[PDB]
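Chains as they are written, first to last, in the deposited numbering: chain A, 132 to 190, 201 to 260; chain B, 36 to 190, 201 to 260; chain C, 13 to 181, 192 to 245; chain D, 55 to 181, 192 to 213; chain E, 2 to 72, 76 to 217, 222 to 263; chain F, 2 to 72, 76 to 217, 222 to 263; chain G, 2 to 72, 76 to 217, 222 to 263; chain H, 2 to 54.
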């Protein structure tokens, strides 16, 4: 089983690393995914942020509204034989519902940078 | 909206066919030779002593044997109004009086032993019994307890709602001759008025124990 | 299954309702307490700040220690615990500052445009150069301590975002420093002065987006 | 010994009053016995209500928090003084109904304790054991000079 | 300048207002604002309230420590898992994070944390079980609850088949929800980890138990993860010293 | 920001509210509750009140020490038993429990205990007698009461046959109820064991006396047990220092 | 002389009234007048008020330091002048009067002084340019503003020709007014010279820039004087420690 | 729990009420009675007043 939940502006809480445990993920908005049925599952993430608009480029770190988690609720368990797989494939589709852009400038007026990873 | 319904979501199990009739309980015999003012003939935790009146060879009460106590075997919470009738057997050549009163949750008051004196028994709900007329007298004991339901089995001491007293108001007095008796017989009939049992389990899921007596 | 008949969140058996965690958060609890001694304070000190107290709805980062044991064994109150379950808030605080062993006047100023720099309170001298004295035109409140030793103040939500961040670590996350200070020449007694700050939620307060609770610890295994 | 926000008395709350110890150095108990309230209470088996208290604490000049612990068993029939107060009532708790009063402004605390307790009744004339309305706690709020006497 | 003689009134001076009052009152305070009326922070619909209504919080399931079932239908008529039913879950039924000479961090459900803030409680508790099988496996389970027994020493598959029980077929769904009601002699139940009595001297107002009644193409091990939330009719009573604290700082000072 | 000039009012500061007020007033207090209004413990009909209405208490008979009648009709025209009629019964007319160098414990009737809490009293007193004979015996009794004499030295079967008396046939019932009214020169009567005057310097507002006017198959001894309760028109006046105390702790410290 | 028993009320004594309240309240005070009512200084229409309504003040243009353009159309596609758009103008864009070891005196516009008294701000800013040419000269200017860049390092005549820009013909008027709107991610903007952050760690919510695209009978040098006032939709938020002070006494005492 | 901000009123503390007032006034006092209202000793016609006119 897979559990996928989203944590609004998670990366800046003082207790961020403690909220990764999948017990804590069953309390934020989440979805569950099996390998049998319940293959697809769609989460929903409305815009909730400190300021009414997000920055699109640098000058730090644009477009960071939260953290998306996908964790193993029940471990990936196989039969003990060779016709069994060693892995599976998990694909993540996104889309935007109410897209409002403002402050239209040029391109090359601001830059992006090589993105940083969560610990 | 009454407060027994605020303790249990499961509705109550009411079997009036096998409860709600006069059951015999004990008979007690008091003497001319030790009948003084304030002699205690009966001092029982009620209705614990009535419902556990049937004992094993190893002395553990079994609800199973009397069709009246059949629901006390399979539930864990119960609530009911009682009535204790006392019958003494009319001998014309003697005279004496009995006072029977009931003390709600008496056994846990700090001044319990002081409230046994029959002067204090004339202030709680009571009845008086002669040997001439006024043979029978029926007390009435509505359900009044700290919690809306009583426990039916152990784990301490189920079904202890009060204390029932039967004492000598006027001593058992006889004529000075041999055709006079040395004792009489006093019989205590009980019955339950609004019996509501809840928390229906198995039997053998909880146990009873050999019952303890009041000091 | 059958359902249990209602008591209206307790109005039937007791006298009142208990249906909101917002209502328990309106009962004061200890925010911070500590002592300030004469040397620990500032040298030319005629209208000067005594504490710079960062205002967090989730309370301060509790230091549990031996000489005041309300933090060791009780941990933090009901307000930090309810606050950890929510991501944002939009409201003000209510405070009670009970400053002992001081007899003249105690100005309390609220600086709503200050960043949330520290998670501890700053005592006496170390208070920054520009918060070290009473400012002009900031909302303030002077109380003579001979008349009454308890200050009751409500700090407003003056801050430009849609929310203020709970559980934090420009950085305009909250409702900035509150400043407590003496108004004149005073004798700072031996054994300094004790300040106790109690706080709660105001009536215009809210908790907003409910994420999970963080992992807790039980009070019962503190000894 | 380490007494910065600590309990001073743990006062069990009984409508029938405490078990009066009659002794020489305060004679209101020796010759008056107990008041009209213990006497009226002994005639009844149960009660359902709260109390009204007045705590007049003399010779102390700062602040006196009073907390009500409604979920505590009725363990003692005497009050517990100072240090001997149990480990978990030894300081002011959070979130319990409390009331702080500065003793320089007024030396009399008027409080009403509610009936917060789960049974149909509370037991009068007593000896879980949830019989009543649990301990009230009285304590000092800071460093103080505990005077001689 | 007419003289106004009105008799002075008796007034009792006190230092502050109620420290205990949360609701249904108006309290005087000196507000540090420019405006001197009853003022409140501005709002819209999205910054909008009563997200703290208790029923809305204790409704969210919280995860309890997953136990597993090993080598099927397995051991004939056996006890899998059981615990006393009460709003705070037992410390051994909760995902833990120990550290040496700090406190122990517990991932309590939303129902457990809210019930550490109150003195009494009552009402039904929902359990949601999630089975990590796949349709090839089969078994049966008897989940029953017994209303007045507090310790599992005395119960067995034939004693527990006489209580209120549902027999779960282990293939009709993965997610099975089983509601144990509130059947007690009393109207409010104290918590297990605040007051009143003596910790392990506790009696929950019921027990829940899970009883039983091996392919080579399928994984042997079926893992079960239990979730717990408060029922629809659940209430909490008096605010009390929280049985828990934040793990923001898990350090402690034993005597 | 208009200036409001209103003349300051004179106020008198005091430390607390009335220590004496029981009724018909509202008192300010700081209630240790979450709710800040006028709140009271919940109720139903069964937990329901005015079980303390005085008439309902003093109505319950209380037993006085039983005296007995020995060898019939017995001693011609004799005084059996007599006592001054007043709400607290005389200490020698009450079931006692002595202990050495403690206090003496008295089983006072409900009327006696209530009248130890008040300063005055008035109204009729009911006596209920219960005869431990059986219909074989016969005798007669003259119960009379005399309204203004306080000591039995002066009364005899022919002086007491001129007061208000009923002649009781000793076989018409066991339970005989005899009401002595309230006939005095004054409207309220002080109690005998509180104030005012000097204990045994007391005058009850009347005396009740019981006058007279032997088989071998029947018990010689007829025992009489007297019960005492307040009449329907009985009232108590001012709250005063209780003449009694609980025997919870019967220890004492004589000077 | 009827006795009035009314229960004393609880009152909390404090030393004074609100130090922070400006509006919407009535404050008690002892007025040093002969008349004891709500009295105010007399008036007519000409001594008449609300001359302090903020919009009426920040509407008045204030002059910023004049820069000049030297030898026409001059340097092909060049940056003339640019500054971050925010209510307090940068100290290098303001007419100054230095003195040695005193403070520096700045002739701030009416919009700058008012915005040194408040904590937040928002809304459009008007710039009014005044060109010291005479119709013989010609040139073009591209005034554009870019909404989210805070430093001029990155912009050039082809990057700034893609923002909102007006191309000004340098002969249609002397006085040209160019309004840069308010386009930000947030609803209120902090000031640059009060709090919060670290002075030169500041980001204005846009940049304004002026880009380009020699007779002997006419003066070579065209001088431009810029004026700045707040737009019609401009507001200020919270009263804060004024970033400025009067130069009545420009002396100071450095540590 | 709405905040009630009302400006504090000026009050002048004094130790007691008028020592000189006999008539046409109501005076506050703490009455040592069980009843907390305006109470007066009972009367009939014969114990009846203005014998001091």
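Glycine included, every Cβ here is placed at the ideal spot set by N, Cα and C.
Residue environment, residue 55 (chain D), which counts as buried when at least 16 other CB atoms sit within 10 Å
exposed
Less than 8 angstroms between the C-beta atoms of residue 140 (chain B) and residue 73 (chain B), yes or no?
no
Measuring CB to CB, does residue 76 (chain C) end up less than 8 angstroms from residue 130 (chain C)?
no
Under a Cβ-count criterion, where at least 16 other Cβ atoms within 10 Å of its own Cβ denotes burial, should residue 240 (chain F) be classed as buried or exposed?
exposed
Roughly how many whole angstroms lie between the Cα atoms of residue 223 (chain G) and residue 143 (chain G)?
12 angstroms
Quick one: is residue 142 (chain C) near chain E, going by C-beta distance under 8 angstroms?
no
Measure the Cβ-Cβ separation of residue 130 (chain F) and residue 89 (chain F) and say whether it is below 8 angstroms.
no
Under 8 angstroms between the Cβ atoms of residue 125 (chain D) and residue 201 (chain D)?
no
By alpha-carbon positions, which one of E:81, E:198, E:156 ends up nearest to residue 215 (chain E)?
E:81
Give a yes or no on whether the minimum CB-CB distance between residue 257 (chain E) and chain G is below 8 angstroms.
no
Nearest chain E C-beta to residue 22 (chain G) closer than 8 angstroms, yes or no?
yes
Under three-state DSSP, which class holds residue 237 (chain A)?
coil
Please state whether DSSP places residue 17 (chain G) in a helix, a strand or coil.
coil
Using a Cβ-Cβ cutoff of less than 7 angstroms, which residues in the same chain neighbour residue 30 (chain G) once the five nearest sequence positions on both sides are dropped?
none
For the region 235–254 of chain E and the region 51–60 of chain E, state whether three or more C-beta atom pairs, one from each stretch, are separated by less than 8 angstroms.
yes
Using a Cβ distance threshold of 8 angstroms, determine whether the region 169–189 of chain F contacts the region 144–154 of chain F, with at least three qualifying pairs required.
yes
Extent of the continuous beta strand (DSSP E) run through residue 169 (chain F):
168–172
Classification of residue 53 (chain B) by the beta-carbon crowding that lies within 10 angstroms, buried from 16 upward
exposed
Counting only Cβ pairs nearer than 7 angstroms, list the residues of chain G close to residue 88 (chain E).
Simply none; closest approach about 47 angstroms.
Below 8 angstroms on C-beta distance, what does residue 38 (chain H) contact in chain F?
25, 26
Here's the rule: buried if 16 or more other CB atoms are within 10 angstroms of the residue's CB, otherwise exposed. What is residue 243 (chain E)?
buried
Would you decide whether residue 242 (chain A) is buried or exposed? Buried here means 16 or more other CB atoms lie within 10 Å of its CB.
exposed
Determine the contact status of residue 211 (chain B) and residue 144 (chain B), defining contact as a CB-CB distance below 8 angstroms.
no
With 16 other Cβ atoms within 10 Å as the buried cut-off, status of residue 68 (chain E):
exposed
Give a yes or no on whether the minimum CB-CB distance between residue 44 (chain B) and chain C is below 8 angstroms.
yes
Straight-line gap, residue 273 (chain G) to residue 28 (chain H) (C-alpha atoms, nearest Å):
Residue 273 (chain G) lies beyond the range of chain G shown here (2 to 263); nothing can be said about it.
Relative to the C-alpha of residue 220 (chain C), which residue among C:196, C:157, C:68, C:146 is closest?
C:68
Which same chain residues, not among the five before or five after residue 85 (chain B), have their C-beta less than 6 angstroms away from its C-beta?
60, 235
List, in chain order, every chain H residue whose beta-carbon is nearer than 9 angstroms to that of residue 30 (chain E).
4, 5, 6
Residue 23 (chain F): which of H:48, H:34, H:43 sits nearest, CA to CA?
H:34
With a cut-off of 8 angstroms, does the C-beta of residue 103 (chain G) fall near any C-beta of chain A?
no
Secondary structure at residue 138 (chain D), three-state DSSP: helix, strand or coil?
helix
Name the chain D residues whose beta carbon is nearer than 8 angstroms to that of residue 240 (chain C)?
Those do not exist, as residue 240 (chain C) stays about 13 angstroms from chain D at its closest Cβ, beyond 8 angstroms.
Could you list which residues in chain H have their beta carbon closer than 7 angstroms to that of residue 18 (chain G), in chain order?
8, 9
At least one CB of chain C closer than 8 angstroms to the CB of residue 203 (chain A): is that the case?
no
Between which two residues does the alpha helix (DSSP H) carrying residue 95 (chain G) extend?
Element bounds for residue 95 (chain G): n/a, residue is neither H nor E.
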